[PDB]
């Protein structure tokens, strides 16, 4: 019953991790989605600044990760992924965070080859008139102040819910004494209205908005605006018939309106190729929906349904009169539409409960994806017609998987093995951001092929008395892996997208052990590996081997913890290759980082927790972090350092 700080999350069932994002986390997150994944083994984060990192799963980047919020897809608008999908998520305002590793589900949309990440809120459960309140406050080094409110009220027939947050921090320092360009500020407000006419029926309306800003040590521009607008309608109908367990219907609308520039959170770099003030505004409008039936009978469960999605991207930019020194801000010009995506899919998942110790799960999905290029012109020179203006392209993509789970006779042990095949239609960033496409093509839009992934997942759960253990491995091949290559060319830096063939393997494992009634210990390991077979060399942007060691003492109302994080050097690199955000250049040094936490239950409604992160003020950087920008003093290919010693205190309220 004793409160504690979360430093790692175990895998609680085959391929699946479930955690409550409201619990304090001990390397302390910057109020974004990527940081709350740092505690799940297998995740690493490309750091841009103090917040809004870009999540990598088993070395896989971007849309290979399927990231949903309440069942819906929120997509960013920045062509450089300043505003990756997790940058809009404040996890403390959600109730549950679920990760499913590998291409092992078809229920949640197309293309999820690396895994599926689901932030969800539970519907209120009032049976009579009442209210509940959850809230938290966090105070830390470098002006870190966070504020969270989750209030609801209702009765048997319906409810109203408000969740909200305001979070901010000044620039932090690395372990060498340097101020890193990294301040950020986030806020969210979301309302939910629930109608429960009877216990077999729920209809929920949601709407919310947020905004933010972030300074980016690792970019030429900062994010001065991360506007989000969200609308959602959900309908869940239970026990419809004796076999129809559940019908689910859902629509959602998500809008992102992002501004980056070189003059609101920094000064233009005189020595750079942007000495004049310069702003770029972009937006993304996403409309999608889902309809799913769940059937149960005999020893079988069948989930069947369809989904659909449309999204639209537009941009406009500022102007600088070199003669007048007159600046015309981006909002003075009309939006120019540049891209529209569509997807429609049908999916089905069948489970056979053979006997009591054996489960077979099989899933299939057929997707129809299309995209239209609306760029009339391309942006060295301002000229350039666009060769594929108003062109469309489409494909039809089947995906599926089979998984066997066997429960042992003489132990609390589950073994599993799965084969998955996933096909992903290319990203906005894979089609529109590359300066060049494959050789001989007119552009990336016209030629880049869908990515096709075939992977074996396997592993085991041990749910013992004093020992809790789990392991999960994977071997896989990727046909037409979409890879970025970087060139200088005096123009600046310029990117080419190509398709290559890849081999991947890796795994995660971890154990929890109750030493005594007060002492517990846990460890985890994560490894990922990648080879570019077409070019006979290593895949880029693969995080090195990582281990975590934790030790906790609990005693009635309080606990104390310590944590060692140890990561090996990454000597497997592919220089000047990567994705749309980052590229490899050097082998990384290994490092160790040490942290302490504690927690105290003051009462049943208020608990306190506190941590020191990186106690020894280690100066270090991660393999995947962005190179620092020359305008901030960084040498060439020197990557953004991680924070030095950091103190924080948190008070959680539950009424």
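Residue numbers count along the first chain shown, from 1.
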query	finding
Unresolved deposited residues in the interval that joins residue 575 and residue 576	none
Mean C-alpha temperature factor, higher of 338-346 and 234-242	234-242
Entry-level comparison of average CA B-factors, 322-330 and 77-85, reporting the higher stretch	322-330
Largest Cα B-factor, entry values, listed residues 423, 283, 198, 171	198
Member of 256, 276, 542, 477 with the greatest C-alpha B factor (per the PDB record)	276
For residue 71, the third of its chain into which the C-alpha B factor falls	middle
Ranked C-alpha temperature factor of residue 643 among modelled chain residues, by third	lowest
Third of the chain's Cα B-factor distribution that residue 629 belongs to, per the entry	highest
Cα B factor band for residue 266 (lowest, middle or highest third within the chain)	middle
Third of the chain's Cα B-factor distribution that residue 597 belongs to, per the entry	middle
